[PDB]
Structures are given as C-alpha cells and as structure tokens.
Amino acid sequence: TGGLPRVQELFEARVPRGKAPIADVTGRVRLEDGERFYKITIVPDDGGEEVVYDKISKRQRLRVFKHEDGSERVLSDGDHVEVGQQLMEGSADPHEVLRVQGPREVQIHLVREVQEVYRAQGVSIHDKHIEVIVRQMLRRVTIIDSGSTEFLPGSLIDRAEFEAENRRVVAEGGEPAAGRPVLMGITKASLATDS
C-alpha cells in the first residue's frame, strides 16, 4: 500500500498485506527453490536448529541487498545475512522486528517508514513530531507469569507501575514478575487510559 492507508496501517500497528519475512538467526542461507514456493532454511552460524520459512508464494520478487561483495546482490543460495534483514520484497511486520532487534529498531523502522510516505510527495515535517506519537505506542508490558505480585498473567500494565510493584515485592517477600515489551495501536492505547 501507499499514501493514507499506509500511514493508517503504520500508526495502528497491524499486520501488513505484503508482509516480508525477516531473518531470525544470523547464518548461511540455504535457498531450496520450489515449484511455486521459495523454501529457505537459513543454516545457523553457531549450531542452532534450522529456522525454516515455508509456504512463501511467488507473488513478489526477491530482496536486493548488499554483502561483502559491495554490490547489489539478489537472494541466492550462497549469500550470507545477519539478524533482522528482509528476505523478500515488501514491508516487514513491526511486532516481529520488535522482539528480534529490541525496542530501538522498532522506533527507527516506524519513523523512517512514516517519513518516506510524506517525503515522496514533498511535505516537510520534523522528526521530533513523529517521535512524540511513537513514544506513546511503546509504554506497556505484558505479563508472562506473576508469581506473588497481584497480577493476572496476560494483561497490559504500565512500565512504571510494573517496576514499582516488582521492587516492592522483592524488598519484603521476594518475587520478580515477568514482562516483555509490547506495541499497540493508537485506538487501543487511547481506550486503555486511567480515566
């Protein structure tokens, strides 16, 4: 997509249409071409299990990336890629780059992708205006296990309250609760305020 639908799908943090898979583990790519489905097992460079993306239809071209050769290289069996790299052409999924590459790469991705749409048609907005809105999209934590912290495992709570409770409980009884960062839209974040 492009234009206003692209801006909407970027700000509401939903799964894109033309989703492009990203590399899970840094390694050596083993591109086993199929009939109508590219199959690549990307051999790990440490010894881990083969992460395989399957059922990848032939609806789009491959990714033109740059390697040690210093030239625009198409994805062929023999190349080598690092963590967090699109394999085929399209747009990646923010919820996956989040976990793969930490919280900073998500904000980089979002600001860059929002600015490309506005810069294509020649509109100048400072980056400090999109950072204010991206800052509010990453403010909550999802509990995995609560232990004895008075939390329901699976809810969405603020980072400040989460760390305050985790510091209070360990200082007296002793139990750290679990939580991983999450990304929300602008409609689910507004309906979950404290008023």
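Here full-length UniProt numbering is used: the first residue of the sequence shown is 1025, the next is one more, and so on. From the three backbone atoms N, C-alpha and C, an ideal C-beta is built for every residue, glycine too.
Closer than 8 Å by C-beta to residue i: which residues in its own chain qualify, once you throw out the five before and the five after it? Chain order, please.
i	result
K1082	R1060, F1061 and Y1062
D1078	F1061 and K1063
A1201	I1167, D1169, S1170, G1171, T1173, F1175, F1186, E1189, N1190 and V1193
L1180	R1164, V1165, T1166, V1206, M1208 and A1216
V1135	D1151, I1154, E1155 and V1158
Taking DSSP as the reference, what is the three-state secondary structure of residue i?
i	result
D1182	strand
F1035	helix
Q1145	coil
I1210	coil
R1164	strand
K1082	coil
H1104	strand
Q1109	coil
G1126	helix
From the DSSP secondary-structure annotation, give me the bridge partner or partners of residue i.
i	result
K1063	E1056
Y1077	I1064
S1115	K1043
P1205	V1165
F1089	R1097
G1197	Note: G1197 sits in no beta bridge, so no partner.
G1026	Answer is none; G1026 lacks a bridge partner.
Here's the rule: buried if 16 or more other CB atoms are within 10 angstroms of the residue's CB, otherwise exposed. What is residue i?
i	result
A1188	exposed
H1104	exposed
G1094	exposed
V1130	buried
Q1110	buried
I1066	buried
Using a Cβ-Cβ cutoff of less than 7 Å, which residues in the same chain neighbour residue i once the five nearest sequence positions on both sides are dropped?
i	result
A1037	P1118, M1161, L1207, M1208 and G1209
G1027	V1141
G1114	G1042, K1043, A1044 and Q1084
Can you list, in chain order, the residues of its chain with a C-beta nearer than 6 Å to that of residue i? Leave out the 5 residues immediately preceding and following it.
i	result
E1056	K1063
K1043	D1117
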